[PDB]
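Coming up is one lone chain in structure tokens, specifically the form solved without ligand 6LB.
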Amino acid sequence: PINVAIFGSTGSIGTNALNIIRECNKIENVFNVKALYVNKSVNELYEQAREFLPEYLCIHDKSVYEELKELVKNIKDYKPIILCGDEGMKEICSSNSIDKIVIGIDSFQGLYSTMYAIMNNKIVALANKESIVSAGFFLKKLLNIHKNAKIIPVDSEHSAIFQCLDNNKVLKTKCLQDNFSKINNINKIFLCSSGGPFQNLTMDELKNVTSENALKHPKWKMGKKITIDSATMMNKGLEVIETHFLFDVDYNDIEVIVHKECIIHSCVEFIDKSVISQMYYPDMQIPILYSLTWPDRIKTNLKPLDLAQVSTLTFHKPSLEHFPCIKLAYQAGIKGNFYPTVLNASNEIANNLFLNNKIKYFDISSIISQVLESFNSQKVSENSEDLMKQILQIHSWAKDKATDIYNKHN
């Protein structure tokens, strides 16, 4: 039995996790959902509790906690431990009946839970890549202290890369640890991208694309923020840095490749030059599922890949002139220090402005470029708590700087 907690259980990743768990458990009873944690959606948590009957329930919003207790009374033969706020989150993390925790919470709250999962030596199925991009240093330090803690990637390209590895080697190291590449004989990564909706556009057409254009025909079902990032290819830029940190691959050895059919999810080139790749329909259930079964696999009733029907797969290089966010990402990542934090934070702002029709496509990369240019390297704290504060402070500064640039721009 695999004992799993889901943090952010009503979000996109959390609901998809519960769905694949539900379907796999119908084939063979494999998963015990031990804990559910949601922010404010008390009715939804009740509905999930009702079905999965976890040992622990936690609602963050303290205002709705009594309500939740009332609701859950109505579930027969069920007496969970019902908690609330950060304190309930920490109690769940410390439970020895939980082996794996899905982090389906974004933003800072997600980093805080991640930290507690790591501090409790858990397997952390991490779907918030922004924490890896912005706080990579902090997570690396934390994983060095907590030896048995492991981050398993859920972002599809990174899951794919992870799935292309030999677990006989993987088990001698772990993600976000120096030497992961050496131990796994990794030479190079092909990081695949859908390319978004603008691949064939000229620079003059790109100048006038709108967020309505950007949210059209996404190849995956996803939130607005990531969909804008897909259109600018900043999503892939961020994913380049995620790759560097998870797998200890040099920036030079990470190649972004536009694969519009979204069947090959990424590929790993090993030192002999043999390449291995992972393929499936664009469906988040596979990467989520693997993060819960690794190092095993279990039976599903997902539709099998029909290669003959797919028929054709295509690959081309992205143009850095048309997708300058990609260049900025490499530049920030290579510079290192806290430039990735700055890149991520300034993009948060620039992305939202474009989403809301306040700036134009090349304004996004312009703003980000300017914030990056304004930032001066800071000495990296050795102290873990000081380091975390540095990251938050720089993140906050970068958001304000991005906003100030927008505000001062006519």
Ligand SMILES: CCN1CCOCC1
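For every residue, the number given is its place in the sequence shown, counted from 1. Residues that one form lacks are left out of the comparison. So that the term is clear: the rigid core is the largest set of C-alpha atoms that superpose within 1.5 Å between two forms.
Heads up, the form deposited with ligand 6LB bound isn't pictured, but that's what we're talking about next.
- Contact annotation: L372 falls within 4.5 Å of ligand 6LB in the entry with it bound, judged by heavy atom distances.
- Contact annotation: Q331 falls within 4.5 Å of ligand 6LB in the entry with it bound, judged by heavy atom distances.
- The closest heavy atom approach of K335 to ligand 6LB in the entry with it bound falls within 4.5 Å.
- With a 4.5 Å cutoff on heavy atoms, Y339 counts as touching ligand 6LB in the entry with it bound.
- The stretch from 62-70, 345-353, 45-53, 372-380 that comes within 4.5 Å of ligand 6LB in the entry with it bound, counting heavy atoms only, is 372-380.
- In this stretch, 182-204, not one residue has a heavy atom within 4.5 Å of ligand 6LB in the entry with it bound; the partner itself is omitted from this view.
- Annotation: the position in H217, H316, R297, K182 displaced by at least 2 Å at CA between the shown form and the other one, with the core superposed, corresponds to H217.
- Mapped along the sequence, displacements between the shown form and the other one of 2 angstroms or more at every C-alpha, sustained over at least 3 residues after core alignment, occur solely at 216-221.
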